[PDB]
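Just the heavy atoms: all of them, side chains too, but no hydrogens, waters or symmetry mates, feed the values below. Numbering of residues begins at 1 and proceeds along the displayed sequence.
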Amino acid sequence: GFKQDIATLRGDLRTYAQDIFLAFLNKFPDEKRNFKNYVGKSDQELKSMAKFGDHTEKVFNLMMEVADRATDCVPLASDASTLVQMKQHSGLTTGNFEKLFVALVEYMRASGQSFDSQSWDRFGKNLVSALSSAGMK
Ligand code: HEM
């Protein structure tokens, strides 16, 4: 289930973080507007970039904490507020987060592993709702 998936992702987090974030950037190419440093590079090139590895790891470290602190896939309001107020997230809208979780869920469904993809879909929808409640447009 959801709680085991958090453990699975954490057990190989740098790899999952890079592969899911690449799935996001490749499924939604326009999202690179927010990550100009990753324009014009193949996946293998990004996976050799220190900034790419460190960004994706820090993102998924925090995402897994938010997932771990949720109850029944409902995130804490404090975690939603943090994500909205982070200076790095100024100007983002909830659609950006919807797209990240669409890619995450599709990655899980295409994976050979028994991820609880429906729970991650629900978690993403509930996080989007909480971000909106916390003031993200
Ligand atoms: C639950 C989802 C997300 C989490 C947990 C998260 C977390 C983080 C963290 C921890 C950082 C600091 C690492 C760094 O500065 O490189 C960061 C930066 C950033 N995030 Fe997110 N983020 C999420 C979703 C998004 C989405 C959907 C977007 C845009 C589509 C986005 C855009 C950015 C940008 C532009 C930065 C600054 C990157 C840089 O300057 O290197 N984030 N995020």
Side-chain angles (χ1 to χ4, degrees), residues 1-32 34-35 37-46 48-86 88-136:
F2 188 70
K3 193 62 97 168
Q4 174 54 32
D5 293 342
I6 297 170
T8 296
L9 296 166
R10 283 175 160 163
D12 201 8
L13 196 49
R14 191 161 187 98
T15 299
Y16 282 123
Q18 287 188 126
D19 288 351
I20 293 163
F21 191 65
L22 289 169
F24 166 65
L25 297 180
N26 288 331
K27 183 173 183 65
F28 299 105
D30 259 46
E31 295 294 314
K32 284 198 179 170
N34 303 283
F35 311 97
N37 15 260
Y38 307 147
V39 169
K41 297 188 179 53
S42 67
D43 289 3
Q44 292 295 104
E45 296 177 303
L46 293 169
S48 79
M49 287 171 60
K51 187 179 176 63
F52 184 85
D54 288 0
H55 173 74
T56 56
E57 273 214 276
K58 288 186 181 171
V59 170
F60 278 77
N61 286 339
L62 178 58
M63 190 196 293
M64 294 302 100
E65 292 196 30
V66 177
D68 205 17
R69 287 187 289 257
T71 296
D72 295 349
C73 300
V74 178
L76 295 181
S78 60
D79 280 324
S81 287
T82 293
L83 290 165
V84 176
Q85 306 301 335
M86 284 167 56
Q88 301 88 334
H89 290 171
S90 67
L92 300 181
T93 66
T94 55
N96 295 111
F97 288 79
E98 286 182 332
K99 288 175 173 64
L100 174 61
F101 282 91
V102 163
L104 179 149
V105 170
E106 299 195 353
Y107 171 96
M108 286 179 173
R109 296 199 197 274
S111 160
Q113 323 186 39
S114 51
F115 288 111
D116 184 1
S117 71
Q118 304 310 148
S119 283
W120 289 92
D121 190 47
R122 194 154 50 250
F123 172 72
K125 291 174 188 303
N126 293 338
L127 182 59
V128 166
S129 181
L131 297 167
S132 181
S133 294
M136 182 174 291

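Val59 and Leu76 are not part of a single hydrophobic cluster, where members link through side-chain heavy atoms under 4.5 Å apart. Residue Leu62 is grouped with residue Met64 when hydrophobic side chains (ILVMFWY) are merged at heavy-atom distances under 4.5 angstrom, including chains of intermediate members.
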For this session: Apply side-chain hydrogen bond (donor to acceptor under 3.5 Å, both in side chains) to the pair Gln4 and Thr8, showing each step before the final yes or no.
Result: CA-CA 6 Å; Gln4 174 54 32; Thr8 296; 3.2 Å; yes
For this session: Begin from the C-alpha positions of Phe2 and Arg122 and carry the test side-chain contact (heavy atoms from CB on, under 4.5 Å) through to its verdict.
Result: CA-CA 10 Å; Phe2 188 70; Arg122 194 154 50 250; over 6 Å; no
For this session: Report the C-alpha distance between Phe21 and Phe52 in whole Å, list the side-chain angles of each, state the deciding distance to 0.1 Å, and finish with yes or no for side-chain contact (heavy atoms from CB on, under 4.5 Å).
Result: CA-CA 10 Å; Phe21 191 65; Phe52 184 85; 3.6 Å; yes
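Using a distance-only test at 3.5 Å, with no hydrogens or angles considered, no donor-acceptor pair links the side chain of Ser132 to the main chain of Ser129. Under the 3.5 Å distance criterion, the side-chain polar atoms of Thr82 are matched with a main-chain donor or acceptor of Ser78.
Closest heavy-atom contact between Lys41 and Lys32: O-NZ, 4.1 Å. Closest non-hydrogen pair, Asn37 versus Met49, comes out as O-CE, 3.7 Å. When all heavy atoms are compared, the tightest approach of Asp19 to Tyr107 is CB-CE1, 4.0 Å. Of all heavy-atom pairs spanning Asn126 and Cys73, the tightest one is ND2-O, 3.1 Å. Heavy atoms only, all atoms of each residue included: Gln18 and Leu46 are closest at OE1-O, 4.4 Å. The minimum heavy-atom distance between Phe28 and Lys99, with the atom names listed, is CE1-O, 3.3 Å.
With rounding to the nearest 0.5 Å, the separation of CZ in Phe24 from OG1 in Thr56 is 12.5 Å. One distance of note links CG of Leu9 with CG of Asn61; it measures 11.5 Å at 0.5 Å rounding. Taking CG from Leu100 and CG from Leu127, the interatomic distance works out to 9.5 Å, rounded to the nearest 0.5 Å. Atom-to-atom distance recorded for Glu106:CD and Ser111:OG is 13.5 Å, nearest 0.5 angstrom.
If you run side chain to side chain contact (heavy atoms under 4.5 Å, CB included) between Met63 and each of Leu104, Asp79, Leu83, only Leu104 comes through. Among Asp68, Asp72, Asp116, the single residue meeting the salt bridge (charged side-chain N to carboxylate O under 4.0 Å, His left out) criterion with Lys3 is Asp68.
In this structure the side chain of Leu131 never reaches within 4.5 angstrom of the side chain of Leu92, judged on heavy atoms. For the pair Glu65 and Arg10, the minimum side-chain heavy-atom distance is below 4.5 Å. Side-chain contact between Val128 and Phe101 is absent, with no heavy-atom pair separated by less than 4.5 Å. Side-chain atoms of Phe97 and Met136, non-hydrogen and from C-beta on, do get closer than 4.5 Å to each other.
Taking the charged nitrogens against the carboxylate oxygens, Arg14 and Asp54 do have a contact shorter than 4.0 Å, which makes a salt bridge.
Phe60 has its ring centre no less than 6.0 Å from the ring centre of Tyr16.
The 12-atom threshold is exceeded at CG of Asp12, counting heavy atoms of other residues, nucleotides or ligands nearer than 6.0 Å.
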